[PDB]
Structure formats: structure tokens, C-alpha cells
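These notes concern the structure reproduced below.
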Amino acid sequence: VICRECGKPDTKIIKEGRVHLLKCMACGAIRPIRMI
Ligand SMILES: [Zn+2]
């Protein structure tokens, strides 16, 4: 769903303070997210 044209890559997530960032490796994609 998130990455359909990525196949079998890797997923890493980092959060600081009150902000969430998602990074995907293989396609080099970054997405900004925040719930709090
Ligand atoms: Zn990807």
C-alpha cells in the first residue's frame, strides 16, 4: 500500500519531540506525519 513499486525494501521510522517521520530505503522516499 505505502510502497507498491518498491518490492522488498526496508522501512525505518524516527520520531523526535512530537513529530513523526517515515523513511523508506530502496526508493528513497520521505513522508511527514503527525498525530499529536
Ligand atoms: Zn519505498
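Letters A, B, ... go to the chains of the C-alpha cells in the order shown; residues in each chain start at 1; ligands are counted from 1 in the same order.
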Shell around residue 34 in chain A at 10 Å using only C-alpha atoms, local window under 4 positions removed, as an mmCIF file with N, CA and C atoms, in the first residue's frame:
```
data_model
loop_
_atom_site.group_PDB
_atom_site.id
_atom_site.type_symbol
_atom_site.label_atom_id
_atom_site.label_comp_id
_atom_site.auth_asym_id
_atom_site.auth_seq_id
_atom_site.Cartn_x
_atom_site.Cartn_y
_atom_site.Cartn_z
ATOM 1 N N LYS A 15 11.132 9.284 15.411
ATOM 2 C CA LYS A 15 10.283 10.317 15.992
ATOM 3 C C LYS A 15 11.075 11.160 16.988
ATOM 4 N N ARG A 18 7.523 15.632 19.129
ATOM 5 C CA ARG A 18 6.119 15.304 18.852
ATOM 6 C C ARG A 18 5.825 15.294 17.347
ATOM 7 N N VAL A 19 6.803 14.845 16.574
ATOM 8 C CA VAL A 19 6.708 14.766 15.139
ATOM 9 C C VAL A 19 7.224 13.406 14.693
ATOM 10 N N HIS A 20 6.504 12.811 13.770
ATOM 11 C CA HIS A 20 6.874 11.517 13.205
ATOM 12 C C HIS A 20 7.335 11.673 11.759
ATOM 13 N N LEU A 21 8.407 10.970 11.416
ATOM 14 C CA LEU A 21 8.939 10.969 10.075
ATOM 15 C C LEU A 21 9.129 9.528 9.637
#
```
Close residues, residue 13 in chain A itself excluded, 12 Å, only C-alpha atoms, min 5 positions apart in chain, as a ChimeraX atom specification: /A:19-25,29-33
Per residue of chain A within 10 Å of ligand 1, what are the shortest atom pair and its distance in Å to one decimal, counting only C-alpha atoms and all ligand atoms, with rows by chain and residue number, as a Markdown table?
```
| residue | atom | partner | partner_atom_place_in_ligand_line | distance |
| --- | --- | --- | --- | --- |
| A:2 | CA | ligand 1 | 1 (Zn) | 7.5 |
| A:3 | CA | ligand 1 | 1 (Zn) | 4.9 |
| A:4 | CA | ligand 1 | 1 (Zn) | 7.7 |
| A:5 | CA | ligand 1 | 1 (Zn) | 7.1 |
| A:6 | CA | ligand 1 | 1 (Zn) | 4.7 |
| A:7 | CA | ligand 1 | 1 (Zn) | 7.8 |
| A:8 | CA | ligand 1 | 1 (Zn) | 8.6 |
| A:9 | CA | ligand 1 | 1 (Zn) | 6.4 |
| A:10 | CA | ligand 1 | 1 (Zn) | 7.6 |
| A:11 | CA | ligand 1 | 1 (Zn) | 7.9 |
| A:23 | CA | ligand 1 | 1 (Zn) | 8.1 |
| A:24 | CA | ligand 1 | 1 (Zn) | 4.7 |
| A:25 | CA | ligand 1 | 1 (Zn) | 5.8 |
| A:26 | CA | ligand 1 | 1 (Zn) | 5.5 |
| A:27 | CA | ligand 1 | 1 (Zn) | 4.5 |
| A:28 | CA | ligand 1 | 1 (Zn) | 6.4 |
| A:29 | CA | ligand 1 | 1 (Zn) | 6.0 |
| A:30 | CA | ligand 1 | 1 (Zn) | 8.9 |
```
With N, CA and C atoms kept, could you save the residues just selected as a tab-separated table (two decimals), in the first residue's frame?
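Output file selection20.tsv is given in full below:
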```
chain	number	residue	atom	x	y	z
A	2	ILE	N	1.77	1.36	0.97
A	2	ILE	CA	2.65	2.52	1.08
A	2	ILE	C	3.59	2.61	-0.10
A	3	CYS	N	4.21	1.50	-0.36
A	3	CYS	CA	5.17	1.37	-1.45
A	3	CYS	C	4.87	0.13	-2.29
A	4	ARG	N	4.20	0.34	-3.42
A	4	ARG	CA	3.84	-0.76	-4.32
A	4	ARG	C	4.93	-1.00	-5.36
A	5	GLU	N	5.58	0.07	-5.79
A	5	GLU	CA	6.64	-0.03	-6.79
A	5	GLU	C	8.01	-0.08	-6.12
A	6	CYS	N	8.07	-0.71	-4.95
A	6	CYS	CA	9.31	-0.82	-4.20
A	6	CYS	C	9.73	-2.29	-4.06
A	7	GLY	N	8.75	-3.19	-4.06
A	7	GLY	CA	9.05	-4.60	-3.94
A	7	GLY	C	9.38	-5.02	-2.52
A	8	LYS	N	10.63	-5.45	-2.31
A	8	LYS	CA	11.08	-5.87	-0.99
A	8	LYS	C	12.24	-5.00	-0.52
A	9	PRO	N	11.93	-3.81	0.02
A	9	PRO	CA	12.91	-2.87	0.51
A	9	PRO	C	13.03	-2.91	2.03
A	10	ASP	N	13.34	-1.77	2.64
A	10	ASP	CA	13.47	-1.69	4.09
A	10	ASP	C	12.68	-0.51	4.62
A	11	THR	N	12.22	-0.58	5.86
A	11	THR	CA	11.46	0.52	6.44
A	11	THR	C	12.05	0.97	7.77
A	23	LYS	N	10.76	7.05	6.62
A	23	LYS	CA	11.72	6.93	5.56
A	23	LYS	C	11.70	5.51	5.02
A	24	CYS	N	11.77	5.40	3.72
A	24	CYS	CA	11.82	4.12	3.06
A	24	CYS	C	13.10	4.07	2.27
A	25	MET	N	13.78	2.94	2.36
A	25	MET	CA	15.01	2.75	1.63
A	25	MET	C	14.80	1.76	0.50
A	26	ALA	N	15.26	2.20	-0.66
A	26	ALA	CA	15.19	1.44	-1.91
A	26	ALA	C	14.69	2.37	-3.00
A	27	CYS	N	13.75	3.22	-2.60
A	27	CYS	CA	13.17	4.21	-3.49
A	27	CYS	C	13.54	5.62	-3.02
A	28	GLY	N	14.09	5.70	-1.80
A	28	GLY	CA	14.46	6.98	-1.24
A	28	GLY	C	13.28	7.91	-1.14
A	29	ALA	N	12.33	7.56	-0.27
A	29	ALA	CA	11.13	8.39	-0.11
A	29	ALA	C	10.94	8.84	1.33
A	30	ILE	N	10.57	10.11	1.50
A	30	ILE	CA	10.30	10.64	2.83
A	30	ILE	C	8.88	11.21	2.91
```
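Within chain A, DSSP applied to the backbone places the following residues in strand (DSSP E): residues 10, 11, 12, 13, 14, 15, 16, 19, 20, 21, 22, 23, 24, 25, 29, 30, 31, 32 and 33 of chain A.
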